[PDB]
C-alpha cells in the first residue's frame, strides 16, 4: 500500500519541540513527505490512515535484548528445560521475542548475546518478510565467553544434564570464538576472529571482563572478583578485525577498569557501563567517555521496582539500587551520549512463576516491558520526558551507524513508527498506549502477534 497518515502530532524524537498539525506520507517503505500543509497532500490512491487524537514517535529501537533469554540462562534455574524444549525450533523461538518487542512498538532490536546460526536465521527470516518480527541486527556470541552450561551463565546443570547435550548446545552458542581464546596466542585469535566475523554478524561484542557472577557471587556479600578476559594486546587484535569488516564494536564492561580500557579501545557501543561492580565511575573517566566520544548504554530500574526487589531479597536486586544508579546520573548530567540497553528477552513461563508478584510485576528484563521501564526510569535519573525517547530512538541508531536508515521520522528513511493514545510528556509512560505500529512502511497485526505462540505455551 501507499499510505497517508493525517493530523498527527509528531515527535521527531530528534529533540525538537513536538509539532502538531503534521501529516506524514509513506512511499513504498520509506517516509515520503513530512509537513502539515493542511495535508500534503494525498495521491487519491493512497491508503488513508486517520491520525487524529494520536501521536507519532519514531518506532522504538532497543540496543540490548537477547532474543533467546540469557538473563534467565544467567539467572539460571530453568535454563535446561527451556533449551531442551524448543531445541531445533530455536530460530522460531528467537522470532518470538522479536515479535513481542514489535507488538509493544519496538521495530528494531540489537541483540548482543545469542546462538549465531539461529539468530542469523532469524535476522534472515524477519527481513525478508517470511517471518513477522522486529528487525534484528545480530550481535552473535560475545567473544571470550562460554556457553549456557558453562560458567558465564548458569554453571550447575553442567552436572545435572547429559554431557553430550550440555556441550552440544554450547558449541551452537560459543561457535569458534569465545572463551577458550583466553589461553591462546593472538595469532590464532586473529585467525579465528575473522573466520567468525565473515559469518555476517552485524557487530562485535568483545568480552573484556568476566561473566562469572551468579556462580561465584556471595550469599551474604554483594559483588566481588571481577577479572579481565584478554590481554591488552589481544584486545586490539579483535578491534582491528572488527574495524576491517565494517561492523562496529560493542563491549562488555563490568568493572571500573576494563571500562577504562574499553574506552581506550575506542569501542563504538559501551554495553552496561553503569555496572562497574563497585565504586561509581571514577570522576575522571566520565570526562573521558564524554571527551573521547563513544556511546554509553545504561541499564536501569525504577525506585519502585527496586523498593520491592530488596523487600523480597531478589539478589538480582543489588543491581537496582546502590552505587549503580547513583553513578549513571553523573553520565546523564555530564551528557554522556546514552543508549537504550536492558539485557532482556522472553523467559520460560516457570521462571516467572518462581518470582514474587512484586518481582515479576513490571519486570524490566521481560522483553515486552523493557523499553517502557527503561524510558520511565531514565527520567527518574533526571532526564527530561524527552529526550528519553531517542534515547531509544536516534541514539541507539546513531551509535551503530544505522542512523541514516533508522528511525526515523524523516524523509527518505525507513518508515517505522508507532502511534500513541496520549501525551508522552510529563508522563513518559504513555508510550504503552499504541493504536498502531507501522514497520518498513507497513502495518502490523498487533492483535494477533506472536505469529506462533511457542515459549508462551503453558500448559
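Positions refer to the first chain, counted from 1.
According to the PDB record, 277-285 carries the higher mean C-alpha B-factor of the two stretches 277-285 and 347-355. In this entry, 36-44 has the higher mean Cα B-factor, the comparison being between 419-427 and 36-44.
Per the PDB entry, 382 shows the highest C-alpha temperature factor of the residues 200, 297, 382, 364. Going by the entry's values, 218 shows the largest Cα B-factor out of 268, 167, 87, 218. In this PDB entry, the Cα temperature factor of residue 262 sits in the bottom third of its chain's modelled residues, the lowest group.
In this PDB entry, the Cα temperature factor of residue 4 sits in the bottom third of its chain's modelled residues, the lowest group. Sorting the modelled residues of the chain by their CA temperature factor places residue 397 in the highest third.
When the modelled residues of the chain are ordered by C-alpha B-factor, residue 323 sits in the highest third. Among all modelled residues in this chain, the alpha-carbon of residue 78 has a temperature factor (C-alpha) in the middle third.
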